[PDB]
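What follows is the content of model-v8.tsv, which has TSV, C-alpha atoms:
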```tsv
chain	number	residue	atom	x	y	z
A	1	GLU	CA	14.26	-14.67	2.05
A	2	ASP	CA	12.08	-13.72	-0.94
A	3	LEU	CA	9.83	-10.74	-0.13
A	4	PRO	CA	6.13	-11.14	-1.12
A	5	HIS	CA	6.35	-7.45	-2.10
A	6	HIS	CA	7.99	-8.54	-5.37
A	7	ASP	CA	4.62	-9.88	-6.60
A	8	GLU	CA	1.82	-7.33	-7.20
A	9	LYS	CA	-0.81	-10.01	-6.54
A	10	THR	CA	0.30	-10.11	-2.91
A	11	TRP	CA	-0.69	-6.44	-2.47
A	12	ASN	CA	-2.30	-5.43	-5.80
A	13	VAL	CA	-5.92	-6.61	-6.13
A	14	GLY	CA	-6.73	-4.87	-9.44
A	15	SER	CA	-9.51	-2.31	-9.99
A	16	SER	CA	-11.68	-3.83	-7.24
A	17	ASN	CA	-14.46	-1.54	-5.99
A	18	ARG	CA	-13.57	0.49	-2.87
A	19	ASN	CA	-16.47	-1.11	-0.98
A	20	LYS	CA	-14.97	-4.54	-1.67
A	21	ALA	CA	-11.63	-3.18	-0.43
A	22	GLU	CA	-13.34	-2.46	2.91
A	23	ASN	CA	-14.02	-6.20	3.23
A	24	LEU	CA	-10.35	-6.76	2.40
A	25	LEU	CA	-9.39	-4.01	4.88
A	26	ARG	CA	-12.00	-5.31	7.33
A	27	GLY	CA	-10.74	-8.20	9.49
A	28	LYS	CA	-7.09	-7.40	8.67
A	29	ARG	CA	-4.67	-6.44	11.46
A	30	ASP	CA	-2.71	-3.17	11.16
A	31	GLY	CA	0.17	-3.44	8.66
A	32	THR	CA	-1.78	-5.38	6.01
A	33	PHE	CA	-2.45	-3.25	2.92
A	34	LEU	CA	-3.36	-3.62	-0.76
A	35	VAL	CA	-2.79	-1.61	-3.97
A	36	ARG	CA	-5.74	-0.54	-6.14
A	37	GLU	CA	-6.93	2.41	-8.21
A	38	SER	CA	-9.03	5.38	-7.11
A	39	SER	CA	-11.62	3.34	-9.03
A	40	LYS	CA	-12.32	4.49	-12.63
A	41	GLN	CA	-9.49	7.09	-12.57
A	42	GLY	CA	-6.00	6.24	-13.83
A	43	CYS	CA	-4.59	7.26	-10.42
A	44	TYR	CA	-3.31	4.60	-7.99
A	45	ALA	CA	-3.85	4.33	-4.22
A	46	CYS	CA	-2.52	1.92	-1.55
A	47	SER	CA	-5.15	1.11	1.10
A	48	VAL	CA	-3.89	-0.06	4.50
A	49	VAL	CA	-5.43	-1.01	7.85
A	50	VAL	CA	-4.25	0.91	10.92
A	51	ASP	CA	-4.42	-0.30	14.53
A	52	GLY	CA	-6.79	2.63	14.77
A	53	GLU	CA	-8.88	2.56	11.57
A	54	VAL	CA	-8.89	1.53	7.90
A	55	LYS	CA	-7.53	4.30	5.64
A	56	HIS	CA	-7.05	4.73	1.87
A	57	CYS	CA	-3.64	6.18	0.92
A	58	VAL	CA	-3.46	7.65	-2.59
A	59	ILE	CA	-0.44	7.06	-4.86
A	60	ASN	CA	0.49	9.63	-7.53
A	61	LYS	CA	1.85	8.74	-10.98
A	62	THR	CA	4.02	11.70	-12.08
A	63	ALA	CA	7.79	12.19	-12.50
A	64	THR	CA	7.63	14.07	-9.17
A	65	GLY	CA	4.38	12.42	-8.01
A	66	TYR	CA	4.42	8.73	-6.98
A	67	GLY	CA	2.79	10.07	-3.79
A	68	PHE	CA	5.44	11.54	-1.45
A	69	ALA	CA	7.56	14.23	-3.17
A	70	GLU	CA	8.56	16.37	-0.16
A	71	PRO	CA	11.27	13.85	0.89
A	72	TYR	CA	12.68	13.69	-2.67
A	73	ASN	CA	12.28	9.88	-2.61
A	74	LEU	CA	12.32	9.84	-6.43
A	75	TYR	CA	10.98	6.26	-6.41
A	76	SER	CA	12.31	4.56	-9.56
A	77	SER	CA	9.28	2.21	-9.68
A	78	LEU	CA	6.04	1.53	-7.76
A	79	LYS	CA	7.62	-1.67	-6.38
A	80	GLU	CA	10.21	0.37	-4.46
A	81	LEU	CA	7.43	2.69	-3.27
A	82	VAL	CA	5.66	-0.24	-1.57
A	83	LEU	CA	8.90	-1.39	0.10
A	84	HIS	CA	9.95	2.16	1.08
A	85	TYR	CA	6.70	2.72	3.02
A	86	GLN	CA	7.32	-0.67	4.68
A	87	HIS	CA	10.26	0.90	6.56
A	88	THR	CA	8.56	4.31	6.87
A	89	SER	CA	5.68	4.70	9.34
A	90	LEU	CA	2.67	6.57	7.91
A	91	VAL	CA	2.36	8.18	11.39
A	92	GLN	CA	3.28	11.36	9.51
A	93	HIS	CA	0.39	13.19	7.78
A	94	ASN	CA	-1.63	13.47	11.05
A	95	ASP	CA	0.97	11.83	13.33
A	96	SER	CA	-1.72	9.17	13.87
A	97	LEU	CA	-1.07	6.86	10.90
A	98	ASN	CA	1.31	4.51	12.73
A	99	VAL	CA	1.49	1.70	10.16
A	100	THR	CA	3.82	0.45	7.43
A	101	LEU	CA	3.27	-1.53	4.22
A	102	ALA	CA	4.88	-4.65	5.72
A	103	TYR	CA	2.11	-7.25	5.13
A	104	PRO	CA	0.45	-8.03	1.75
A	105	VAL	CA	-3.34	-8.42	1.48
A	106	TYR	CA	-2.86	-11.60	-0.60
A	107	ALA	CA	0.25	-13.43	0.65
A	108	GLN	CA	0.68	-16.71	-1.26
A	109	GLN	CA	1.71	-18.52	1.96
A	110	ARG	CA	3.44	-21.28	-0.04
A	111	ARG	CA	5.02	-22.56	3.23
```

Please express the file's structure as C-alpha cells.
Amino acid sequence: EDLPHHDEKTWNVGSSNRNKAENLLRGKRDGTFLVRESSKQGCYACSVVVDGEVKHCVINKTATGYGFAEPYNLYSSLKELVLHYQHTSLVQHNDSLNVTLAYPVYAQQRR
C-alpha cells in the first residue's frame, strides 16, 4: 500500500512556531510526529509524541549529519530518514524514548 511518508505534508507542517507544534503534539497518541524547523534556523527537527511525553527531535543537515551519524546510516535523503526511524525505536538516547515515526501528523485519510 502507498505509505503516507512519501508526502511531506503528512508529516511536514512547514516553519510553524514550536508553540503551535505543541497543539499538534498535544492530543496525539504516541507514534504521531511531524517535521519542522528549529524555527528561524536552517536546521530541521522532527517532533514526535511519546506515550510518556511530547519531545522535539532535531534533524541535522550535513553530509555526516542528518541527525544520527553513529550508526553510519548515511541517509540518502530526508524521506528515508523519516522511514528509517519508523522501524527504529527512539528508546535509545535515554532508553525512555520508546516511539517510532510510524504515524504522520497530517494523514490525508483519503479512504

Legend entry - Selection near region 67-83 of chain A, 8 Å with all atoms listed in the file, sequence-local residues under 6 positions removed, as a PyMOL selection string: chain A and resi 5-6+58-61+101-102

Write out, as a tab-separated table (two decimals), keeping the file's coordinate frame, the residues just selected, with C-alpha atoms.
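Ended up saving to again-v9.tsv:
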```
chain	number	residue	atom	x	y	z
A	5	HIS	CA	6.35	-7.45	-2.10
A	6	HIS	CA	7.99	-8.54	-5.37
A	58	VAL	CA	-3.46	7.65	-2.59
A	59	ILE	CA	-0.44	7.06	-4.86
A	60	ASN	CA	0.49	9.63	-7.53
A	61	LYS	CA	1.85	8.74	-10.98
A	101	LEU	CA	3.27	-1.53	4.22
A	102	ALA	CA	4.88	-4.65	5.72
```

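Distance check against residue 31 (chain A) using all atoms listed in the file: of A:15, A:47, A:100, A:92, the minimum falls on A:100.
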
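Interatomic distance, CA of residue 55 (chain A) to CA of residue 8 (chain A): 19.7 Å.
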
Could you pull the residues within 9 Å of residue 49 (chain A), counting only C-alpha atoms, minus those fewer than 5 positions along the same chain, as a PDB file with C-alpha atoms, in the coordinates of the input?
```pdb
ATOM      1  CA  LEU A  25      -9.390  -4.010   4.880  1.00  0.00           C
ATOM      2  CA  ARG A  26     -12.000  -5.310   7.330  1.00  0.00           C
ATOM      3  CA  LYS A  28      -7.090  -7.400   8.670  1.00  0.00           C
ATOM      4  CA  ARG A  29      -4.670  -6.440  11.460  1.00  0.00           C
ATOM      5  CA  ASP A  30      -2.710  -3.170  11.160  1.00  0.00           C
ATOM      6  CA  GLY A  31       0.170  -3.440   8.660  1.00  0.00           C
ATOM      7  CA  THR A  32      -1.780  -5.380   6.010  1.00  0.00           C
ATOM      8  CA  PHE A  33      -2.450  -3.250   2.920  1.00  0.00           C
ATOM      9  CA  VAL A  54      -8.890   1.530   7.900  1.00  0.00           C
ATOM     10  CA  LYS A  55      -7.530   4.300   5.640  1.00  0.00           C
ATOM     11  CA  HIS A  56      -7.050   4.730   1.870  1.00  0.00           C
ATOM     12  CA  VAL A  99       1.490   1.700  10.160  1.00  0.00           C
TER      13      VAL A  99
END
```

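Distance-wise, CA of residue 87 (chain A) and CA of residue 43 (chain A) end up 23.4 Å apart.
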
Residue with the minimum atom-to-atom distance to residue 109 (chain A), picked from A:90, A:24, A:46, A:3 with all atoms listed in the file counted, is A:3

Contacts of residue 13 (chain A) at 8 Å or less, counting only C-alpha atoms, minus same-chain residues fewer than 6 places along, as a compact mmCIF listing (two decimals) with C-alpha atoms, in the coordinates of the input?
```txt
# COMPACT_ATOMS: atom_id res chain seq x y z
CA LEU A 34 -3.36 -3.62 -0.76
CA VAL A 35 -2.79 -1.61 -3.97
CA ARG A 36 -5.74 -0.54 -6.14
```

With all atoms of region 5-21 of chain A from the file as input, state the centre and edge lengths in Å to one decimal of the axis-aligned box that has 3 Å extra on each side, as AutoDock Vina command-line options.
```
--center_x -4.2 --center_y -4.8 --center_z -5.2 --size_x 30.5 --size_y 16.6 --size_z 15.6
```

_Shell of 12 Å around residue 14 (chain A), all atoms listed in the file, local chain residues under 2 positions omitted, as a ChimeraX atom specification_ = /A:8-12,16-18,20-21,34-40,42,44-46,105-106

Expressed in Å, the length from CA of residue 111 (chain A) to CA of residue 51 (chain A) is 26.7 Å

Using only C-alpha atoms, the best pick from A:52, A:65, A:27, A:4 as closest to residue 96 (chain A) would be A:52

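Remark: for residue 104 (chain A), the closest of the candidate residues A:41, A:23, A:62, A:86 is A:86 (distances computed over all atoms listed in the file).
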
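Nearest to residue 98 (chain A) of all the residues A:7, A:64, A:19, A:53 is A:53, counting all atoms listed in the file.
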
Starting from the incomplete input, reconstruct N, CA and C atoms of region 58-82 of chain A and write that as an mmCIF file, keeping the file's coordinate frame.
```
data_model
loop_
_atom_site.group_PDB
_atom_site.id
_atom_site.type_symbol
_atom_site.label_atom_id
_atom_site.label_comp_id
_atom_site.auth_asym_id
_atom_site.auth_seq_id
_atom_site.Cartn_x
_atom_site.Cartn_y
_atom_site.Cartn_z
ATOM 1 N N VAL A 58 -3.489 7.472 -1.114
ATOM 2 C CA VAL A 58 -3.460 7.650 -2.590
ATOM 3 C C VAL A 58 -2.026 7.682 -3.120
ATOM 4 N N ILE A 59 -1.799 7.058 -4.245
ATOM 5 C CA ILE A 59 -0.440 7.060 -4.860
ATOM 6 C C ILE A 59 -0.489 7.925 -6.119
ATOM 7 N N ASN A 60 0.494 8.756 -6.320
ATOM 8 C CA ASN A 60 0.490 9.630 -7.530
ATOM 9 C C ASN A 60 1.273 8.949 -8.649
ATOM 10 N N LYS A 61 1.100 9.382 -9.867
ATOM 11 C CA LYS A 61 1.850 8.740 -10.980
ATOM 12 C C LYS A 61 2.495 9.823 -11.858
ATOM 13 N N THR A 62 3.344 10.630 -11.286
ATOM 14 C CA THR A 62 4.020 11.700 -12.080
ATOM 15 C C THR A 62 5.522 11.676 -11.804
ATOM 16 N N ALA A 63 6.311 12.177 -12.715
ATOM 17 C CA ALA A 63 7.790 12.190 -12.500
ATOM 18 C C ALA A 63 8.091 12.615 -11.062
ATOM 19 N N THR A 64 7.394 13.602 -10.569
ATOM 20 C CA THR A 64 7.630 14.070 -9.170
ATOM 21 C C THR A 64 6.439 13.669 -8.297
ATOM 22 N N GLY A 65 5.567 12.838 -8.807
ATOM 23 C CA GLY A 65 4.380 12.420 -8.010
ATOM 24 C C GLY A 65 4.682 11.139 -7.227
ATOM 25 N N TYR A 66 4.183 10.020 -7.690
ATOM 26 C CA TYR A 66 4.420 8.730 -6.980
ATOM 27 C C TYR A 66 3.760 8.777 -5.598
ATOM 28 N N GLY A 67 3.436 9.949 -5.129
ATOM 29 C CA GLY A 67 2.790 10.070 -3.790
ATOM 30 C C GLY A 67 3.572 11.056 -2.928
ATOM 31 N N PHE A 68 4.634 10.613 -2.307
ATOM 32 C CA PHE A 68 5.440 11.540 -1.450
ATOM 33 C C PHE A 68 6.521 12.213 -2.300
ATOM 34 N N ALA A 69 6.522 13.519 -2.355
ATOM 35 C CA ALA A 69 7.560 14.230 -3.170
ATOM 36 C C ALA A 69 8.316 15.214 -2.275
ATOM 37 N N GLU A 70 7.857 15.417 -1.070
ATOM 38 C CA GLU A 70 8.560 16.370 -0.160
ATOM 39 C C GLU A 70 9.910 15.796 0.279
ATOM 40 N N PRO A 71 10.009 14.499 0.457
ATOM 41 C CA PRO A 71 11.270 13.850 0.890
ATOM 42 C C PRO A 71 12.219 13.580 -0.287
ATOM 43 N N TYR A 72 11.810 13.928 -1.476
ATOM 44 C CA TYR A 72 12.680 13.690 -2.670
ATOM 45 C C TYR A 72 12.983 12.195 -2.796
ATOM 46 N N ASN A 73 12.029 11.350 -2.502
ATOM 47 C CA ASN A 73 12.280 9.880 -2.610
ATOM 48 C C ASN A 73 12.645 9.530 -4.054
ATOM 49 N N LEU A 74 11.996 10.142 -5.008
ATOM 50 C CA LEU A 74 12.320 9.840 -6.430
ATOM 51 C C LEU A 74 12.192 8.336 -6.682
ATOM 52 N N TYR A 75 11.144 7.725 -6.204
ATOM 53 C CA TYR A 75 10.980 6.260 -6.410
ATOM 54 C C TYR A 75 11.195 5.903 -7.877
ATOM 55 N N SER A 76 12.060 4.964 -8.148
ATOM 56 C CA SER A 76 12.310 4.560 -9.560
ATOM 57 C C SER A 76 11.096 3.775 -10.079
ATOM 58 N N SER A 77 10.466 3.003 -9.232
ATOM 59 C CA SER A 77 9.280 2.210 -9.680
ATOM 60 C C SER A 77 8.282 2.078 -8.528
ATOM 61 N N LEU A 78 7.071 1.688 -8.827
ATOM 62 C CA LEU A 78 6.040 1.530 -7.760
ATOM 63 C C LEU A 78 6.464 0.422 -6.792
ATOM 64 N N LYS A 79 7.189 -0.553 -7.272
ATOM 65 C CA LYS A 79 7.620 -1.670 -6.380
ATOM 66 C C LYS A 79 8.465 -1.107 -5.233
ATOM 67 N N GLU A 80 9.367 -0.214 -5.530
ATOM 68 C CA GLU A 80 10.210 0.370 -4.460
ATOM 69 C C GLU A 80 9.321 1.211 -3.538
ATOM 70 N N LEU A 81 8.335 1.856 -4.096
ATOM 71 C CA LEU A 81 7.430 2.690 -3.270
ATOM 72 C C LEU A 81 6.747 1.816 -2.211
ATOM 73 N N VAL A 82 6.324 0.635 -2.574
ATOM 74 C CA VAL A 82 5.660 -0.240 -1.570
ATOM 75 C C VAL A 82 6.671 -0.631 -0.491
#
```
